[PDB]
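> For reference, the structure I am asking about is given below.
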Amino acid sequence: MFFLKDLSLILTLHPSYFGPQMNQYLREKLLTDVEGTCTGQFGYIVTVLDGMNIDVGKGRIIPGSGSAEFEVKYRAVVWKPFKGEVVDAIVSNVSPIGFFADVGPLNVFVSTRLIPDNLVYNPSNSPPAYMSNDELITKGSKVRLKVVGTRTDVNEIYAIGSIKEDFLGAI
Amino acid sequence: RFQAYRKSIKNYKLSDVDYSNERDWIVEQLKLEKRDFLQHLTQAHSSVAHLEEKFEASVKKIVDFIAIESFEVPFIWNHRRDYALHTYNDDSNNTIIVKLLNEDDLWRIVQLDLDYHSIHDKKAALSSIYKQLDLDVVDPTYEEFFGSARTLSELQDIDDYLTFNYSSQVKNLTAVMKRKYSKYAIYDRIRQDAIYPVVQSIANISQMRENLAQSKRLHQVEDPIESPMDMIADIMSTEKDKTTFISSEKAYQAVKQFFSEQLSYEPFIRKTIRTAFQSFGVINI
Amino acid sequence: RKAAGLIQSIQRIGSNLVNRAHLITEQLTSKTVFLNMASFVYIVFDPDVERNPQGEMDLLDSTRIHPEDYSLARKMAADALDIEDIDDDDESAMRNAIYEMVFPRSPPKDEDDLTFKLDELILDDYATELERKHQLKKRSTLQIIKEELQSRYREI
Amino acid sequence: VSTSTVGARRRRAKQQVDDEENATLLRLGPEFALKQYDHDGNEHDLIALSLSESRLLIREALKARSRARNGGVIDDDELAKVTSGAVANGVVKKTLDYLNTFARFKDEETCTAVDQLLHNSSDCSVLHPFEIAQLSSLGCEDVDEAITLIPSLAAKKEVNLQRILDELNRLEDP
């Protein structure tokens, strides 16, 4: 789910960049170091609002190392999945152990043990799919799934979905 | 090994008709795959008549062994290779051995029999679906393309054609509730709407199918006495109560898209395009 | 799984298997599995134990010849010996004929063993006779049998 | 890396059950609590975003940045290529693809009307912003379906759920 959050970043600048263009350079450095990153605490930062008018304040010189430390506060759009949430998805891969879907930047893996039994995996089909009499879910097929668990990594998030309840599966 | 191969196969023991169909499909698959080998054998050994007929007989016998008698490949190759080679005598009556098959061909036999056992369930499902449709008149296109159906792609084409041209009937049979939106609901509305007669008047479906199958003109597409815009606007004005369209241009676009869907779901166009691409297509990156 | 169960059953029964038929008699396997695996598993024959004619350890069990073709191998051996006294149903005489052919009590005076005389037999005639009697294409099988008699398990 | 405006949170002895993330229970954790603080420390509400609002905001910000980088002189692929960073480019491409392929409302005025309906409504004055975002995003059609997908709305039976759903379906472009 997408949100607006007020975040802050600590930026350290080498003395070789102490020029008139210091502020703009700090802005592009912030944009390059925040746009697209993935933090387990917050999720995924997709964009920074008002990216060219961010206040940086006054940097403090670190005693003994010369480099200046800047405290940058900004508002950004953040997306983070939650346990027990039902969202739309697009299937990216089909495999005997289960199928992998994509919910924005997040890639969700659904095991066969969380798939209804009638959706038997068909490897002979082109492309291979988990199909039933009235349902056929393959690569590129819209699916509505509920996120059950989320795994936190260093700079990545792994989520597990399920389609075993009602109003789920193919859409 | 056979148990591992057949673990996913719930229904294995086919009927005699299905067994013969499997043998024919396997023979055709090998002939398509080993066309170069068969051609070289026929060209080099042109003196012997119907070498490929003996090849088909040997393939049928090998399939019989593997399926009915459950014989592993090395046992067949070490104790039944007499069937796999045809000993003919030349004009000098010298005994010449002709290695019709190799062990790799027996592995191909196993893979092909597994493939046909897989597609047999799909073809039975399509047959059951058609029987549930229970058409008053048997669709000639259905029979013509089902008789020549070999690949699962053609079975999928049959399914798409049947579902498109009987969307209301298929939906009723499903009914005979999760609010999944039928992608053919708009086309069903067009069928129910007063503009569907115009879609008929564009061209006769049966005449179109006959002309396409013949590949030459059997009937001439008769142009209606009034223009598409004229007829659409006239019917909209005279049936404002039932014409769900807002503007005549919207009805025109709906008729065009319905005709496009009708043409797209025609199995013959898809089959011809697939054959052309498989024969003369190129690869670009 | 099947090999593990088979070796466990063999170990429980005894130290070794006597002959291929015991794979069926001792309930060691089923029918189709035995038929498939029959020729690919063997027991090393030993002329020291051959002394008793009643030896259950068949000599053909140390060859690629299928157990279903042991009678055919015996018939070919009788054909090579050129002994017409034995009919086609005296299996004990066929066993003694194989005993003499492969392990004669008296070594041959010349260097041509009795197994060499199998080359004088015409395989095409026997194949045609078999195909007429029971509709069997077994000429390659007869060739393999002759090869096995000429050398037991030649390296391939 | 980035630090939230909420700090402190030192050691204690009590342990609470409203700490684990759960969408059904509407327990979003401390950093996503209902009450937030801005850079001035004033009171602030949690700001959820539906796919329509998120798409509008991301498109506006990206096109503003693209215009600024060109000296103030539409395609999603070009707009994604505007950003810097190959991984960032891929992430924004994936987000844009998701938003485009599931955009219920691609028009500013439709989204504005939807937000006005979901905010100014007397029944919706109690609705959690997460519930509002889920309703505007999933595009549910039935009261039972919405309740099954959103367990929180089951306990809120003072909501004109069916007519609001029909209003959303009407506003949804067919």
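Scheme for the structure tokens: letters A, B, ... for chains in order shown; per-chain residue numbers from 1; ligand numbers from 1 in order shown.
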What lies within 8 Å of residue 53 in chain D using only C-alpha atoms, ignoring chain neighbours under 4 positions off, as an MDAnalysis selection string?

chainID D and resid 49 57 111

> Determine, counting only C-alpha atoms, which protein, DNA and RNA residues have an atom within 12 Å of an atom of residue 29 in chain A; residues of the same chain fewer than 3 positions away are not included. Present the result as a ChimeraX atom specification.

/A:9-13,17,22-26,32-35,51-52,56,70,72 /D:84-85

> Neighbouring residues of range 169-186 of chain B were defined as those with any atom within 7 Å, considering only C-alpha atoms; residues of the same chain fewer than 3 positions away were excluded. Please report them as number ranges by chain.

A: 167, 171; B: 133, 163, 166, 189-190

> Could you give me, as a ChimeraX atom specification, the residues within 8 Å of residue 114 in chain D, counting only C-alpha atoms and dropping anything in the same chain fewer than 3 positions from it?

/D:110-111,117-118,136,168,171

> Mind listing the helix (DSSP H, G or I) residues of range 20-203 of chain B, per DSSP on the backbone, as a ChimeraX atom specification?

/B:20-33,35-44,51-69,73-79,81-84,103-133,140-147,152-165,167-175,185-192,196-202

> Taking only C-alpha atoms into account, find every residue of chain D that has an atom no more than 9 Å from chain A, and write it out as an MDAnalysis selection string.

chainID D and resid 1:5 21:25 28 31:32 37:39 46:51 54 57:58 61:62 64:65 68 83:85 87:99 102 130 133:134 137:138 145 148:150

> From the options B:201, B:102, B:89, B:118, which residue's atoms come nearest to chain A, counting only C-alpha atoms?

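Between B:201, B:102, B:89, B:118, the residue approaching chain A most closely is B:118.
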
> Give as a ChimeraX atom specification every residue of chain B that touches chain C within 12 Å, counting only C-alpha atoms.

/B:1-3,65-66,68-87,95,97

> Run DSSP on the backbone and give me the residues of range 21-174 of chain D it puts in strand (DSSP E or B), as a list in words.

residues 22, 27, 35, 36, 37, 43, 44, 45, 47, 48 and 49 of chain D

> Rounded to one decimal, what separation in Å do you get between CA of residue 114 in chain A and CA of residue 163 in chain A?

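Distance between the two atoms: 6.5 Å.
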
> Can you list every residue of chain D that has an atom at most 12 Å from chain B, with its nearest atom pair and the distance in Å to one decimal, using only C-alpha atoms, ordered by chain then number, as a Markdown table?


```
| residue | atom | partner | partner_atom | distance |
| --- | --- | --- | --- | --- |
| D:140 | CA | B:179 | CA | 10.1 |
| D:141 | CA | B:179 | CA | 8.3 |
| D:142 | CA | B:179 | CA | 8.9 |
| D:144 | CA | B:178 | CA | 11.0 |
| D:145 | CA | B:178 | CA | 9.1 |
| D:174 | CA | B:186 | CA | 11.3 |
```

> For the selection you just gave me, I'd like the residues written to a file as a PDB file, in the first residue's frame, keeping N, CA and C atoms.


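The result, written out as selection_6.pdb:
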```pdb
ATOM      1  N   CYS D 140     -13.781  -3.356  -5.447  1.00  0.00           N
ATOM      2  CA  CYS D 140     -14.766  -4.369  -5.103  1.00  0.00           C
ATOM      3  C   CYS D 140     -16.148  -3.968  -5.604  1.00  0.00           C
ATOM      4  N   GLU D 141     -17.004  -4.973  -5.799  1.00  0.00           N
ATOM      5  CA  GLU D 141     -18.337  -4.761  -6.338  1.00  0.00           C
ATOM      6  C   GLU D 141     -19.462  -5.088  -5.369  1.00  0.00           C
ATOM      7  N   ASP D 142     -19.207  -5.885  -4.335  1.00  0.00           N
ATOM      8  CA  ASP D 142     -20.257  -6.384  -3.462  1.00  0.00           C
ATOM      9  C   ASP D 142     -19.914  -6.094  -2.009  1.00  0.00           C
ATOM     10  N   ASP D 144     -20.607  -8.137   0.522  1.00  0.00           N
ATOM     11  CA  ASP D 144     -20.013  -9.366   1.039  1.00  0.00           C
ATOM     12  C   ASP D 144     -18.581  -9.533   0.550  1.00  0.00           C
ATOM     13  N   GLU D 145     -18.336  -9.250  -0.732  1.00  0.00           N
ATOM     14  CA  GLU D 145     -16.981  -9.348  -1.261  1.00  0.00           C
ATOM     15  C   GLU D 145     -16.048  -8.358  -0.577  1.00  0.00           C
ATOM     16  N   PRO D 174     -15.861   2.799 -17.740  1.00  0.00           N
ATOM     17  CA  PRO D 174     -16.054   1.475 -18.342  1.00  0.00           C
ATOM     18  C   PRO D 174     -15.229   1.277 -19.610  1.00  0.00           C
TER      19      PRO D 174
END
```
